[PDB]
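**Student:**
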Amino acid sequence: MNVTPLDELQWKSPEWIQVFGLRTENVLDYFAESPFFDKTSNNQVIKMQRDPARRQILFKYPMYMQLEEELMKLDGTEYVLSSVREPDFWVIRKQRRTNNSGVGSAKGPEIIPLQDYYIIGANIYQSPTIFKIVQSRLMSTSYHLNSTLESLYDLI
Amino acid sequence: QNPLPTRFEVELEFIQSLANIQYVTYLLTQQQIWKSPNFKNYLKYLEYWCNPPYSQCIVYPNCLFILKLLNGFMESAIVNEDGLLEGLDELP
Amino acid sequence: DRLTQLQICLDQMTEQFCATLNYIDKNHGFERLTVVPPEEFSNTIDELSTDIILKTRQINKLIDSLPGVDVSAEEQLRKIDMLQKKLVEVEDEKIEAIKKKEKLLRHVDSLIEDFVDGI
Amino acid sequence: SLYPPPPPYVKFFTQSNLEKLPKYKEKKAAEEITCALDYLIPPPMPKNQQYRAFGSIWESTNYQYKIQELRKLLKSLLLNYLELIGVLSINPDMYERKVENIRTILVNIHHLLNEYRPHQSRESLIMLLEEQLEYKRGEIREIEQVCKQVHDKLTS
Amino acid sequence: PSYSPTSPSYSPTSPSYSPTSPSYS
C-alpha cells in the first residue's frame, strides 16, 4: 500500500475525451485530483440529485462567474457588511494553464482574506505545496549528501 | 520452424522465466515498469497459473512461489517517484 | 487520404445544403412561391446554388480520381502479396550490396592505414 | 539485454480497464480477441494435453457498383436541390418532400463512401509498398553509383 | 554583498521528486 500523498500526478486523457478548455476544466479537476470532498461537489450533487477583495482582484469571465454566485449562496456566514464561506473550491487562470483554491473568506470594508488550499493546474496535473515543507526538502537532501561528503573524508 | 507463440504460450513461457532469480532481479531494479501499475497488475493477473488446470502445465514450480512472494511484496512495496522500488534501494 | 478528402469534401456540401435551407427557412423563402428584399434573396440564393453546382462537379471529378474503382479486391489482394515478396527480394539485394561495399571499404581503409608515418 | 521485456499485453492492464472488468465479465457470460479487456482474462487451456508438464525442474462486395450508386445519388441529390431552389418546377405540397429526399440522399451517400474504406485502405497499402519498394531500389542504385564513381576516381 | 554573483546550477535531470499512481481512469 503506497500513497501518492503531497500532490503527484493527474487524471489524464479520460476527460481529455470529455474535453478540457477552462470552465469544464474545474469539473475535470474534480475527478482527477480526488480532492472535491464537500461543498463544490455537494452543490453539484444536489442539483444532480433529482465582490470579495480577492474576487475583485480576480474578476470572473463566463459561466463559472454564474456558478460563483451559486457557491456564495451555498456557503455564506453573514455579518453586517461581510460574508464568509465554508468549503468552496475555485480558480485563477491564463491561456495554456490556471491555478485554483478551495477556501474560506473573511470580509471587511478595507480588507478581505480567504484561507483555503490553493492548487495550480497545467496539462492534467495538480500542484498543492508548502514552504517550510518546501525547504525541508532539498535542505535535508543537501545535508545527507554533505554527510556522504564528510564520510568520504575517510582519507588519511 | 514454428509459427509465433500463442498468448497462452507467451504467458506460460513468461511466468516460468520468473523462476530465474537473476532475471526477477533485473526486473525489480528496472525503472520504467514500476512508474505505472500495469506491470504490477499483470503479475497479479498471472496468478491464474497457480490453480488447475493451469498449474498442471508448470514445469518450473519455483516460479509460482516467486510470483507469490513477488506479488505480496508489491502490495506493501513503496514506489519511489522515478520508478525505483524503495525497499530495495540499498541493494545493487 | 482521398476517400476521406472526398468524404471531407462531401461534408461541405451537407454544410452548404443547410447553410441554404436555413436562409430559405429563416427568410420565408417558402413564401416565395425586418425582411430581405426580393432581390437580395435571389442574389443570395443564386450565390449559394451556383456554389453548390461547382461542388457537385468537384465531388465527381474526385470520385473519378478516387482510386480502386475499377480494380477487384482480389486484383488488389495479390498485387499487395507480390509487392510484399518483390520487396523482400530487394532488401536481400540491398543487404548483400551493403556488405560488398563495406568489404570494399575495408580494403581501401587497410591501404590508407599502411601509408601512415608514426609507429 | 538478452533478458526479454514483459509481454506486450501489459499495456492493457490499466486501473481503468480493471474497473471495467467485472461488468465486462458479466456481459460476456450472456483465439477470439476483440477488445482490450479480453487480455485481462486468462487464455483458455489448449486441447492437446501435451502442455501438461512432464515433470519438475527445481462473395465480392462489388465496388464498381457502389460507385454507380454514388454517382446516381449525386445527380438525384442535385436535381432535388435544383427543385427546392426553384430552378426546376414543383408544387409546394412537395417542397418539404424535396427536403426529405435531400436528407435521405445525403445519408445513403455517407453510408457508401463509408463502405468504401476497405477497398480504399488496400489502394493505400498497395501505394505504400509501391513507394518503399521504389525507395529501396533507389538505395541500391545509389550504392551502385558510388562503386562506379570509385572506378572513375580510380582511373584518371 | 555576500560574495558577488549568484552560483547557477539549475537542474531537471536530477534524481526525481514526482511519483505516479493516478494514471488509471
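Chains as they are written, first to last, in PDB author numbering: chain M, 1 to 50, 87 to 192; chain X, 16 to 107; chain W, 3 to 35, 48 to 133; chain U, 11 to 40, 56 to 83, 108 to 205; chain k, 1 to 25.
Ideal Cβ placement from N, Cα and C applies to all residues, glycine included.
Would the segment 80-92 of chain W count as touching the segment 164-183 of chain U if we require 3 or more Cβ pairs under 8 Å?
**Tutor:** Cβ pair count under 8 Å is three or more, so yes.
**Student:** Which residues of chain W have a Cβ atom closer than 7 Å to the Cβ of U:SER125, listed in chain order?
**Tutor:** By 1-based counting over the fourth sequence, the position of residue 125 of chain U is 76. Those within 7 Å of U:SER125 in chain W number zero; the least Cβ separation is about 11 Å.
**Student:** From M:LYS47 to M:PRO123, what distance separates their C-alpha atoms?
**Tutor:** As a working mapping, residue 47 of chain M is identified with position 47 in the first sequence. As a working mapping, residue 123 of chain M is identified with position 87 in the first sequence. For M:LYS47 and M:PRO123, the distance between alpha carbons rounds to 17 Å.
**Student:** Taking the continuous beta strand (DSSP E) assigned at M:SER141, which residues delimit it?
**Tutor:** Position 105 of the first sequence holds residue 141 of chain M. Its beta strand (DSSP E) spans residues 133-141.
**Student:** Which chain U residues sit within Cβ distance under 9 Å of X:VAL74?
**Tutor:** For the purposes of this step, residue 74 of chain X is taken as residue 59 along the second sequence, with counting starting at 1. Per Cβ cutoff of 9 Å: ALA78, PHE79, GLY80, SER81, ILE82.
**Student:** Taking C-alpha atoms, which residue in M:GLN92, M:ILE93, M:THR4, M:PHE125 lies nearest to M:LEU103?
**Tutor:** By one-based count along the first sequence, residue 103 of chain M stands at place 67. Checking every option, the nearest Cα to that of M:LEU103 belongs to M:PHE125.
**Student:** For M:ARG121 versus M:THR134, is the C-beta spacing smaller than 9 Å?
**Tutor:** Within the first sequence, residue 121 of chain M is the residue found at index 85, counting from 1. Within the first sequence, residue 134 of chain M is the residue found at index 98, counting from 1. Contact: no.
**Student:** DSSP puts M:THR40 in a beta bridge; with which residues?
**Tutor:** Stepping through the first sequence from its first residue, residue 40 of chain M is reached at position 40. Note: M:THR40 sits in no beta bridge, so no partner.
**Student:** Please report the residue range of the beta strand (DSSP E) in which M:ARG129 lies.
**Tutor:** The sequence position of residue 129 of chain M within the first sequence is 93, counting from 1. It spans 124-130 - the beta strand (DSSP E) in which M:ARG129 sits, taken as one unbroken run.
**Student:** Report the three-state DSSP secondary structure of X:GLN16 (helix, strand or coil).
**Tutor:** As a working note, residue 16 of chain X is residue 1 in the second sequence. The answer is coil: DSSP assigns X:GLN16 none of H, G, I, E or B.
**Student:** The beta strand (DSSP E) with U:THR204 in it runs from where to where?
**Tutor:** For this step, residue 204 of chain U is matched to residue 155 along the fourth sequence. Neither: U:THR204 is in no beta strand (DSSP E) and is coded neither H nor E.
**Student:** When the Cα atoms are used, what is the spatial distance from M:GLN171 to M:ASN182?
**Tutor:** As a working note, residue 171 of chain M is residue 135 in the first sequence. As a working note, residue 182 of chain M is residue 146 in the first sequence. Pairing M:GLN171 with M:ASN182, the inter-Cα distance amounts to about 16 Å.
**Student:** Bridge partners for M:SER119 per DSSP, in chain order?
**Tutor:** The count along the first sequence starts at 1 and reaches residue 119 of chain M at position 83. Partner(s): M:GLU114.
**Student:** What would DSSP say about X:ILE36, mapped onto helix, strand or coil?
**Tutor:** Numbered from its first residue, the second sequence carries residue 36 of chain X at position 21. Helix at X:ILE36.
**Student:** Check whether chain U comes within 9 Å of W:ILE66, counting only Cβ atoms and requiring the distance to be less than that.
**Tutor:** Position 52 of the third sequence holds residue 66 of chain W. Output row for W:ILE66: interface = yes.
**Student:** Do the segment 57-77 of chain X and the segment 64-75 of chain U meet, that is, are 3 or more Cβ pairs less than 8 Å apart?
**Tutor:** yes
**Student:** Check the C-beta distance from U:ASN129 over to U:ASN150 and give it rounded, since I have them as a contact under 8 Å.
**Tutor:** What you label residue 129 of chain U is simply residue 80 of the fourth sequence in a count that begins at 1. What you label residue 150 of chain U is simply residue 101 of the fourth sequence in a count that begins at 1. Confirmed, Cβ separation roughly 5 Å.
**Student:** Does the distance from the CB of M:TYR97 to the CB of M:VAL127 come in under 9 Å?
**Tutor:** As a working mapping, residue 97 of chain M is identified with position 61 in the first sequence. As a working mapping, residue 127 of chain M is identified with position 91 in the first sequence. Against a cut-off of 9 Å, the Cβ pair of M:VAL127 and M:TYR97 comes out as no contact.
**Student:** Just mark U:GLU56 as buried or exposed, buried being the case when its beta carbon has 16 or more other beta carbons within 10 Å.
**Tutor:** Counting from 1 along the fourth sequence, the entry for residue 56 of chain U is found at position 31. It is exposed - the Cβ of U:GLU56 has fewer than 16 other Cβ atoms within 10 Å.
**Student:** Should W:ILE66 go down as buried or exposed, given a rule of 16 or more other Cβ atoms within 10 Å for buried?
**Tutor:** As a working mapping, residue 66 of chain W is identified with position 52 in the third sequence. With 16 or more Cβ atoms within 10 Å of its Cβ, W:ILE66 is classed as buried.
**Student:** Under 8 Å by Cβ, that's how I've got W:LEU8 and W:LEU76 pegged, so tell me the actual separation to the nearest angstrom.
**Tutor:** Sequence index remark: in the third sequence, residue 8 of chain W carries index 6 (1-based). Sequence index remark: in the third sequence, residue 76 of chain W carries index 62 (1-based). The beta-carbon separation of W:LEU8 and W:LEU76, rounded to 5 Å, stays under the 8 Å limit for a contact.
**Student:** Going by the DSSP bridge assignment, what does M:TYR153 pair with across the sheet?
**Tutor:** The sequence position of residue 153 of chain M within the first sequence is 117, counting from 1. DSSP, once it has assigned bridges, lists M:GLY138 as partnering M:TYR153.
**Student:** Hey, how far is the Cα of k:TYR10 from the Cα of M:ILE155?
**Tutor:** In the fifth sequence, the residue the question calls residue 10 of chain k occupies position 10. In the first sequence, the residue the question calls residue 155 of chain M occupies position 119. Their Cα atoms are separated by approximately 24 Å.
**Student:** Strictly under 9 Å for the Cβ-Cβ distance: is M:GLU25 near chain k by that measure?
**Tutor:** Within the first sequence, the letter at position 25 stands for residue 25 of chain M. By this cut-off, M:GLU25 is not an interface position.
**Student:** Leaving out five residues on either side along the sequence, give the residues of the same chain with a beta carbon under 8 Å from the beta carbon of X:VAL39.
**Tutor:** As a first step, residue 39 of chain X must be located in the second sequence, where it is residue number 24. Non-local C-beta neighbours of X:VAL39 in its own chain, meaning closer than 8 Å and more than five positions away in sequence, comprise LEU33, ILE81, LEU85, ordered along the chain.
**Student:** Who are the Cβ neighbours of U:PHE22 in its own chain at under 8 Å, not counting the five residues just before and after it?
**Tutor:** Reading the fourth sequence from its first residue, position 12 is the one you call residue 22 of chain U. Contacts found: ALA61, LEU62, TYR64, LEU65.
**Student:** Relative to the C-alpha of X:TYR57, which residue among X:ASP97, X:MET89, X:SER70 is closest?
**Tutor:** For this step, residue 57 of chain X is matched to residue 42 along the second sequence. Nearest C-alpha to X:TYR57: X:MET89.
**Student:** Taking the runs of the alpha helix (DSSP H) that are 4 residues or longer, which of them lie wholly in the segment 131-166 of chain U?
**Tutor:** 141-164
**Student:** Cβ of M:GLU8 less than 9 Å from any chain X Cβ?
**Tutor:** The residue given as residue 8 of chain M occupies position 8 in the first sequence. So, interface residue.
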